[PDB]
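Asker: Protein chains in written order, with the entry's author numbering: chain E, 40 to 134; chain A, 39 to 134; chain H, 30 to 121; chain D, 30 to 121; chain K, 214 to 360, 373 to 408; chain F, 21 to 102; chain B, 15 to 101; chain G, 15 to 116; chain C, 15 to 116; chain S, 555 to 655. Where is the CB? At the ideal position from N, CA and C, for every residue including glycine.
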DNA sequence: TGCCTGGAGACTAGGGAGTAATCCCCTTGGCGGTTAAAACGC
DNA sequence: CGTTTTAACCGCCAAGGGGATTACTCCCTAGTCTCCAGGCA
């Protein structure tokens with residue numbers, strides 16, 4: 040077992056260097072269809088629409104993770120907690 | 039007769055949050071607006087309504103930023119706002 | 030002359046509260062709010078008719094606009110009232 | 030027929046580096062960026078001409094929209110290029 | 214440190230206990246006896262009476278029909294329901310209607326003094342606008358020709386997941402609804 | 021019929037997202053909050069897209085409508101249209 | 015000094031310490047550090063610079079030399095912050 | 015014969031239709047769009063005026079001031095979400111002291 | 015003969031003129047405004063493609079991919095401030111190590 | 555504080571002549587307007603010039619006298635823009651006719 | 001490479017924009033006086 | 001919190017400069033018709 044923190048750095052470098060997708064297609068598609076069933080039934084979805092939704096979700100989640108990381112760094116903490124995300128969304132003006 | 043620190047601060051907080059008075063004098067803010075506008079274009083006139091709207095917008099933005107930095111400081115388990123608190127608030131708001 | 034929404038807001042207030050009045054500053058604020066909502070709904074309906082390659086702003090465009098801008102309950106009641114108004118305009 | 034800025038972006042790229050290619054995804058990205066910037070500038074110029082009670086969009090309106098939208102050096106370069114362009118169009 | 218919340222119907226037409234003795238026994242039972250609490254109780258249940266004493270179901274003499282849409286909440290498994298209730302009727306008391314509802318469904322006994330009271334409050338509201346513009350238009354939820374695909378409006382289900390937003394929503398609806406009458 | 025599919029987004033996915041965002045250590049309670057904010061964001065975007073489709077008299081959601089919904093909430097998405 | 019007062023107070027110092035203190039008290043801050051003043055002064059200066067630049071561009075597009083209230087209203091509306099009570 | 019009376023509204027249908035026409039939002043404008051827009055506008059205005067009147071009566075004031083408008087728009091969560099990005103002159107901020115500062 | 019050739023730009027001034035006409039932005043449009051807007055767009059795309067080519071050459075690639083465009087947009091502070099709100103597919107922004115979380 | 559003490563000591567009017575300035579005429583109108591006056595003399599009449607000025611308006615609204623004396627070392631401004639103002643201040647002769655002169 | 005429709009050239013005119021003529025009101029700069037607000041120190 | 005200081009607020013004086021107006025001109029762009037080559041399949 041390595042000292043905790045080096046595999047973290049390696050993953051940081053690898054994921055910031057790569058440009059691939061981090062969320063699988065089928066679970067996100069099922070979630071989108073389930074959420075869309077509420078507003079109207081018997082709807083259909085295009086592959087491009089689901090792909091754009093996935094890209095927007097990934098970008099928004101990466102931005103929120105950057106914000107909560109900065110918030111946790113401010114509190115002298117290397118770990119993120121739900122209160123950090125709550126503070127980030129409260130300051131952003133959406134909570 | 040002296041009071042321990044913190045109670046007069048709370049009284050002033052209540053007084054200012056209850057009232058809607060302007061917390062910045064008219065002439066200094068108008069002079070600052072004119073000085074800042076001198077850098078963009080010289081010999082420019084200003085209506086009183088323009089500088090009043092500028093003052094209102096500035097106070098609104100300042101009190102919003104102060105609420106945000108107060109929340110950020112409370113998140114750090116403190117009761118004192120610091121420059122880094124305001125910097126974090128501006129970085130999270132995106133208006134840096 | 031100078032057009033404004035003062036008298037209409039005053040009539041609405043007197044129809045909802047016959048005792049409480051309104052000041053000039055509050056009247057100007059309400060007029061600015063009405064203008065803002067009007068321009069928001071107008072731009073929404075315009076871009077909606079543009080996205081469908083249409084050229085006639087109708088009740089459906091404004092309905093979609095208010096459903097997009099007004100969130101939750103503020104939408105629903107509104108469109109209902111809107112429909113009601115439309116129906117009454119079809120009565121006469 | 031459908032319109033697109035693909036060939037124009039390709040020509041602009043070939044006028045900077047003839048050896049550097051471009052993918053279809055990057056081409057669509059550039060097309061969407063062109064469309065978004067054009068819509069932004071057009072809306073800004075429209076609302077500027079509306080604030081002045083004007084009914085004609087001229088080079089002054091687009092210049093003001095560029096100076097309002099583009100930050101600093103970019104704005105200066107853009108307005109200079111535009112002036113040179115309109116000069117070359119009026120010369121011939 | 215703890216707060217108390219409850220409802221009860223008084224029937225002030227008789228005099229056998231006073232608003233002070235009721236608090237004298239309501240706090241002795243809860244064992245939080247305090248002079249300030251007894252006076253606080255007698256300072257709230259008297260204004261409710263004086264404010265509602267002016268409205269009584271007597272001398273109505275008008276065959277009125279209303280779609281009663283009520284909502285009850287006992288901080289667990291709250292519910293809402295709407296049905297057709299005819300004013301100027303003395304055979305079916307709200308207590309019997311509540312006993313029928315608690316009997317048909319699998320509800321505990323504590324729901325009998327919960328749906329009846331909230332129903333009486335609605336009755337008072339139905340009688341409030343009766344002192345003025347209270348003309349009864351034919352307001353129906355369903356029919357066949359004169360005065373049914375499904376009973377989606379006619380629902381008496383119980384829901385554990387809290388939709389704790391009706392207070393503002395009803396006020397929002399009520400304020401617009403009241404202005405609708407004038408036109 | 022699809023219901024209770026939020027579990028499809030799993031802990032490794034949130035961990036990869038945090039690693040992309042630069043997070044070095046993640047608490048066990050983060051996943052629920054990320055799933056909730058993702059659910060509310062998707063709810064808003066899909067509601068706007070469904071409104072756009074209903075206005076367009078269509079029965080199929082398109083990428084153009086998703087781009088228009090993102091512009092409505094305020095953001096532009098290149099590489100997919102608009 | 016008998017020769018001259020020699021006062022060179024800067025215009026940015028017009029917003030004084032009690033003004034920032036009242037602003038922070040209105041914002042809900044109990045205790046304030048001593049370095050907050052320069053930071054909020056810089057933030058206010060940047061915000062005023064942006065808004066004044068936008069308003070000057072707006073009023074120059076119309077060839078007018080007087081900065082009116084509608085120009086500042088439009089400048090604020092451009093940055094996604096609408097102000098009411100002025101037009 | 016004004017169309018506002020026919021539709022049953024207090025807002026000017028003709029003025030709204032003229033503003034929609036001369037606003038260059040489109041080349042043609044139907045007949046139901048002005049009455050619908052006027053209905054939405056009058057509903058929003060009535061709601062805001064009712065909330066402001068309630069706030070003023072709570073503050074034993076019979077004249078609505080910008081402070082009452084701010085209180086009414088910030089108390090209701092719906093209008094707060096709608097006008098969150100809009101500041102109001104002479105409205106101040108609602109009193110809200112944190113628990114850690116009391 | 016095309017007016018773009020007379021002006022000296024590669025972007026079609028006729029297409030921009032038609033879009034401004036049928037776009038319902040005003041009742042009339044000038045003749046120099048389309049050329050001005052086309053020149054602005056051409057300069058913007060030239061800057062974007064130049065920075066993308068520089069980023070691709072730095073990464074030893076013979077083609078421009080969305081990663082190169084993202085890097086070119088996030089590197090330049092001017093375009094970063096301009097394009098701050100827009101998100102682009104094939105994300106990731108800037109590889110950077112934090113000096114406090116080693 | 556000294557002005558308030560003096561006003562309190564002489565609140566009943568135990569004085570013969572009260573000599574004050576226009577700043578005290580304006581700021582202290584809440585206390586001095588309660589007494590009636592018969593004759594007033596104002597020096598440096600050149601500052602009274604504007605008829606709609608806060609000084610003249612305050613003088614009109616605070617109290618009313620019968621005799622009014624204006625002292626000055628030089629007539630109104632060369633262009634006589636507010637001669638009718640001094641005329642109305644002195645006598646009710648041109649008040650209802652100045653607009654046509 | 002082959003095909004065509006959007007783009008371009010020539011002619012007409014009218015209405016929005018440019019320019020001159022007119023004037024007053026809002027602004028700018030300054031000073032008096034008062035005092036509540038700002039500065040310095042423990 | 002005190003004590004010392006002093007600049008902000010209300011009141012007055014003067015002026016002139018754009019922001020309002022109205023009237024006349026004028027030429028730019030909106031059409032309408034006729035080619036045609038740059039852009040699309």
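Just the C-alpha distance for residue 108 (chain E) and residue 120 (chain D), rounded to the nearest angstrom, thanks.
Answerer: Here residue 108 (chain E) refers to the residue found at position 69 of the first chain. Here residue 120 (chain D) refers to the residue found at position 91 of the fourth chain. One C-alpha to the other measures close to 57 Å.
Asker: Determine, using beta carbons only, whether residue 94 (chain E) comes closer than 8 Å to chain C.
Answerer: By one-based count along the first chain, residue 94 (chain E) stands at place 55. Judged by the 8 Å Cβ criterion, residue 94 (chain E) is in contact with chain C.
Asker: On a CA-only basis, which of C:30, C:61, C:116, C:91 is nearest residue 100 (chain D)? Give me that one, please.
Answerer: Against the fourth chain, residue 100 (chain D) aligns to sequence position 71. With distances taken between Cα atoms, residue 100 (chain D) lies closest to C:91.
Asker: Please report the residue range of the alpha helix (DSSP H) in which residue 278 (chain K) lies.
Answerer: Here residue 278 (chain K) corresponds to residue number 65 of the fifth chain, with the count starting at 1. Per DSSP, residue 278 (chain K) belongs to no alpha helix (DSSP H); it is in the beta strand (DSSP E), 278 to 285.
Asker: Within its chain, find whatever has a CB closer than 8 Å to the CB of residue 80 (chain B); leave out the 5 residues flanking it on each side and keep chain order.
Answerer: Sequence index remark: in the seventh chain, residue 80 (chain B) carries index 66 (1-based). Here the set comprises 73.
Asker: Is residue 39 (chain D) helix, strand or coil when you go by DSSP?
Answerer: Against the fourth chain, residue 39 (chain D) aligns to sequence position 10. Three-state result, residue 39 (chain D): helix.
Asker: Less than 8 Å separating the beta-carbons of residue 331 (chain K) and residue 285 (chain K)?
Answerer: Here residue 331 (chain K) is taken as the residue at index 118 of the fifth chain, counted from 1. Here residue 285 (chain K) is taken as the residue at index 72 of the fifth chain, counted from 1. It is a contact, given that the beta carbons lie within the stated cut-off.
Asker: Below 8 Å on the Cβ atoms is my guess for residue 21 (chain C) versus residue 30 (chain C); work out the distance and round it to an integer in Å.
Answerer: Within the ninth chain, the letter at position 7 stands for residue 21 (chain C). Within the ninth chain, the letter at position 16 stands for residue 30 (chain C). About 11 Å; that fails the 8 Å criterion.
Asker: What's the C-alpha gap between residue 43 (chain D) and residue 94 (chain B)?
Answerer: Translated into positions along the fourth chain, residue 43 (chain D) becomes position 14. Translated into positions along the seventh chain, residue 94 (chain B) becomes position 80. Each residue's Cα considered, the two are about 38 Å apart.
Asker: Would you report the Cα separation of residue 99 (chain G) and residue 75 (chain D), rounded to the nearest angstrom?
Answerer: Numbered from its first residue, the eighth chain carries residue 99 (chain G) at position 85. Numbered from its first residue, the fourth chain carries residue 75 (chain D) at position 46. Roughly 23 Å separates the two Cα atoms.
Asker: Can you confirm whether residue 100 (chain D), when its beta carbon is compared against all beta carbons of chain C, has any partner nearer than 8 Å?
Answerer: Within the fourth chain, the letter at position 71 stands for residue 100 (chain D). By this cut-off, residue 100 (chain D) is an interface position.
Asker: Just how far apart, CA to CA, sit residue 400 (chain K) and residue 111 (chain H)?
Answerer: The residue labelled residue 400 (chain K) in the question sits at position 175 within the fifth chain. The residue labelled residue 111 (chain H) in the question sits at position 82 within the third chain. C-alpha separation (whole angstroms): 17 Å.
Asker: Just by C-beta distance, which residues in the segment 27 to 41 of chain F are closer than 9 Å to chain H?
Answerer: Hits within the stretch: zero.
Asker: Please list the terminal residues of the continuous beta strand (DSSP E) segment that includes residue 294 (chain K).
Answerer: Stepping through the fifth chain from its first residue, residue 294 (chain K) is reached at position 81. 291 to 299 is the extent of the beta strand (DSSP E) around residue 294 (chain K).
Asker: Could you pull out every residue in the same chain whose Cβ sits closer than 7 Å to the Cβ of residue 268 (chain K), ignoring the five residues on either side in sequence?
Answerer: Working through the fifth chain from its first residue, we reach residue 268 (chain K) at position 55. So the list reads 337, 340, 341, once near-sequence residues are dropped.
Asker: Measuring only the C-alpha atoms, how far is residue 88 (chain C) from residue 38 (chain F)?
Answerer: If you number the ninth chain from 1, residue 88 (chain C) lands on position 74. If you number the sixth chain from 1, residue 38 (chain F) lands on position 18. Approximately 20 Å, taken between the alpha carbons.
Asker: Mind checking who residue 98 (chain B) pairs with in its DSSP beta bridge?
Answerer: The residue given as residue 98 (chain B) occupies position 84 in the seventh chain. G:102.
Asker: In the DSSP assignment, what are the bridge partners of residue 621 (chain S)?
Answerer: Indexing the tenth chain from 1 puts residue 621 (chain S) at position 67. BP columns for residue 621 (chain S) point to S:593.
Asker: Out of B:30, B:26, B:18, B:17, state which residue places its alpha-carbon closest to the alpha-carbon of residue 59 (chain B).
Answerer: To locate residue 59 (chain B), count along the seventh chain from 1; it is residue 45. Ranking the options by Cα distance to residue 59 (chain B), first place goes to B:26.
Asker: Residues of chain C with CB under 7 Å from residue 93 (chain D), in chain order?
Answerer: What you label residue 93 (chain D) is simply residue 64 of the fourth chain in a count that begins at 1. The contacting residues do not exist; residue 93 (chain D) stays about 11 Å from chain C at best.
Asker: Leaving out the 5 sequence neighbours to the left and right, which residues in its chain are closer than 8 Å to residue 54 (chain A) when beta-carbon positions are compared?
Answerer: For the purposes of this step, residue 54 (chain A) is taken as residue 16 along the second chain, with counting starting at 1. 61.
Asker: To the nearest angstrom, report how far apart residue 82 (chain A) and residue 628 (chain S) are at their CA atoms.
Answerer: Here residue 82 (chain A) refers to the residue found at position 44 when the second chain is read from its first residue. Here residue 628 (chain S) refers to the residue found at position 74 when the tenth chain is read from its first residue. In a straight line, the C-alpha of residue 82 (chain A) is about 39 Å away from that of residue 628 (chain S).
Asker: Check whether the segment 36 to 56 of chain C and the segment 85 to 96 of chain D are in contact - that is, three or more C-beta pairs closer than 8 Å.
Answerer: Yes, the segment 36 to 56 of chain C is in contact with the segment 85 to 96 of chain D.
Asker: Is it true that the segment 55 to 71 of chain D meets the segment 83 to 102 of chain F, where meeting means three or more beta-carbon pairs spaced less than 8 Å apart?
Answerer: Yes, the segment 55 to 71 of chain D touches the segment 83 to 102 of chain F.
Asker: Leaving aside the five residues before and after residue 17 (chain G) along the sequence, list all residues of the same chain whose C-beta is less than 6 Å from its C-beta, in chain order.
Answerer: Locating residue 17 (chain G) in the eighth chain gives position 3, counting from the first residue. 27, listed in sequence order.
Asker: Given a threshold of 16 other Cβ atoms within 10 Å of its Cβ, counted over all protein chains shown, does residue 123 (chain A) qualify as buried or as exposed?
Answerer: As a working note, residue 123 (chain A) is residue 85 in the second chain. So residue 123 (chain A) counts as buried.
Asker: Name the chain H residues that come within less than 7 Å of residue 92 (chain F), Cβ to Cβ?
Answerer: Residue 92 (chain F) sits at position 72 when you count from the first residue of the sixth chain. Near residue 92 (chain F) (Cβ distances below 7 Å), the residues of chain H are 97.
Asker: Specify the secondary structure class of residue 117 (chain E) as computed by DSSP and reduced to three states.
Answerer: As a working mapping, residue 117 (chain E) is identified with position 78 in the first chain. The answer is coil: DSSP assigns residue 117 (chain E) none of H, G, I, E or B.
Asker: Let me know if residue 316 (chain K) comes out buried or exposed under the rule of 16 or more other beta-carbons within 10 Å of its beta-carbon.
Answerer: The sequence position of residue 316 (chain K) within the fifth chain is 103, counting from 1. Counting Cβ neighbours within 10 Å, residue 316 (chain K) comes out exposed, since fewer than 16 surround it.
Asker: Buried or exposed: residue 54 (chain F), going by 16 or more other Cβ atoms within 10 Å of its Cβ?
Answerer: For the purposes of this step, residue 54 (chain F) is taken as residue 34 along the sixth chain, with counting starting at 1. Buried, by the Cβ-count rule.
Asker: If we ignore side chains and look at the alpha-carbon of each, how far apart do residue 110 (chain G) and residue 42 (chain B) end up?
Answerer: Here residue 110 (chain G) corresponds to residue number 96 of the eighth chain, with the count starting at 1. Here residue 42 (chain B) corresponds to residue number 28 of the seventh chain, with the count starting at 1. The straight-line gap from Cα to Cα measures roughly 8 Å.
Asker: Answer yes or no: does any C-beta atom of chain C fall closer than 8 Å to that of residue 100 (chain F)?
Answerer: Taking the first residue of the sixth chain as 1, we reach residue 100 (chain F) at position 80. Yes, its Cβ sits closer than 8 Å to a Cβ of chain C.
Asker: On a Cα-Cα basis, can you pick out the residue from H:47, H:69, H:36, H:67 that is closest to residue 142 (chain H)?
Answerer: Not covered by the structure: residue 142 (chain H). The range shown for chain H is 30 to 121.
Asker: When burial is assigned at 16 or more other CB atoms within 10 Å of the CB, is residue 67 (chain F) buried or exposed?
Answerer: Walking along the sixth chain from the start, residue 67 (chain F) turns up at place 47. Flag for residue 67 (chain F) reads buried.
Asker: Going by DSSP, what residues sit across from residue 84 (chain E) in a beta bridge?
Answerer: The count along the first chain starts at 1 and reaches residue 84 (chain E) at position 45. For residue 84 (chain E), which the question treats as bridged, DSSP gives the partners F:81.
Asker: State the start and end residues of the unbroken alpha helix (DSSP H) segment that holds residue 114 (chain G).
Answerer: Residue mapping note: residue 114 (chain G) aligns to position 100 of the eighth chain, counting from 1. No alpha helix (DSSP H) contains residue 114 (chain G), which DSSP labels as neither H nor E.
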